[PDB]
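Participant:
In full-length UniProt numbering, the protein residues as written are 13 to 217.
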């Protein structure tokens with residue numbers, strides 16, 4: 013079941029996201045950027061970010077510090093540690109690639125809802141389950157990202173054997189009951205932002 017869906021809001025989000033290959037190449041370009049970090053840097057960033065996302069206020073100040081190159085704006089020691097690691101600090105030199113990467117990832121995280129941030133904290137404790145969320149969402153996006161339509165469809169039964177916290181997807185506008193979902197292009201930016209965040213996080217965990 014599909015119906016053409018043209019509003020200004022669906023058009024905007026279709027201009028941003030209409031081609032899975034392009035989206036996936038953009039994500040790969042951020043992941044190869046991660047491959048420039050040492051494992052201790054990746055570890056420090058990943059673990060500190062999981063604490064920062066417990067408080068939207070501190071996460072916003074981290075984003076402002078990154079975007080304005082102004083370490084004075086952070087309001088917590090976990091964000092401060094991130095800035096110290098990438099050189100945005102006294103006696104540091106801010107590393108251009110790392111700043112760009114962190115702006116991208118932190119901006120994506122500020123778009124999550126409180127419930128999504130709480131779920132992310134839960135699912136990161138099991139890498140198989142975390143990756144399963146990534147894989148299921150990737151499949152839905154690959155199937156629907158080119159469509160300027162509201163689509164009702166089902167997941168392959170093979171994608172339903174490991175557990176999911178489907179509220180993670182519902183908070184981005186992907187309605188789900190059982191194995192059936194409704195893809196609405198008015199929520200495409202939220203869904204693709206969520207996928208970009210969890211795809212990238214899976215590579216730093």
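Heads up, the beta-carbon is just placed ideally off N, CA and C, and yes, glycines get one too.
Just to confirm, is the Cβ distance from residue 106 to residue 81 under 8 Å?
Facilitator: Yes, Cβ-Cβ distance for residue 106 and residue 81 is below 8 Å.
Participant: Residue 17 and residue 162 - do their beta-carbons sit closer together than 8 Å?
Facilitator: Against a cut-off of 8 Å, the Cβ pair of residue 17 and residue 162 comes out as a contact.
Participant: Using the C-alpha atoms, what's the distance from residue 160 back to residue 101?
Facilitator: Whole-angstrom Cα-Cα distance: 45 Å.
Participant: Roughly how many angstroms lie between the CA atoms of residue 217 and residue 14, to the nearest whole one?
Facilitator: Distance between the alpha carbons of residue 217 and residue 14: 37 Å.
Participant: Provide the residue span of the alpha helix (DSSP H) that contains residue 33, from first to last.
Facilitator: 32-46 is the extent of the alpha helix (DSSP H) around residue 33.
Participant: Which two residues bound the contiguous alpha helix (DSSP H) that contains residue 163?
Facilitator: Segment 161-166 is the beta strand (DSSP E) holding residue 163; no alpha helix (DSSP H) there.
Participant: Beta-carbon within less than 7 Å of residue 97's beta-carbon, same chain only, minus the 5 sequence neighbours each way: which residues are those?
Facilitator: Excluding residues within five positions, the ones whose Cβ falls inside 7 Å are 53, 56, 57.
Participant: By how many angstroms is the C-alpha of residue 35 removed from the C-alpha of residue 180?
Facilitator: Rounded to whole angstroms, residue 180 to residue 35 spans 20 Å at the Cα level.
Participant: Run through DSSP, which three-state label would residue 15 get?
Facilitator: DSSP places residue 15 in strand when its eight states are reduced to three.
Participant: Quick one: using the 10 Å Cβ neighbour count with 16 as the cut-off for buried, is residue 175 buried or exposed?
Facilitator: The residue is exposed, with fewer than 16 neighbouring Cβ atoms inside 10 Å.
Participant: With a Cβ-Cβ cutoff of 8 Å, do residue 42 and residue 153 count as a contact?
Facilitator: In this structure, residue 153 does not lie closer than 8 Å to residue 42 by Cβ.
Participant: What does DSSP give as the partner residues of residue 188 in its beta bridges?
Facilitator: DSSP, once it has assigned bridges, lists 193 as partnering residue 188.
Participant: To the nearest whole angstrom, what separates the beta carbons of residue 198 and residue 21, a pair I think is in contact under 8 Å?
Facilitator: With a Cβ gap of about 5 Å, residue 198 and residue 21 count as contacting.
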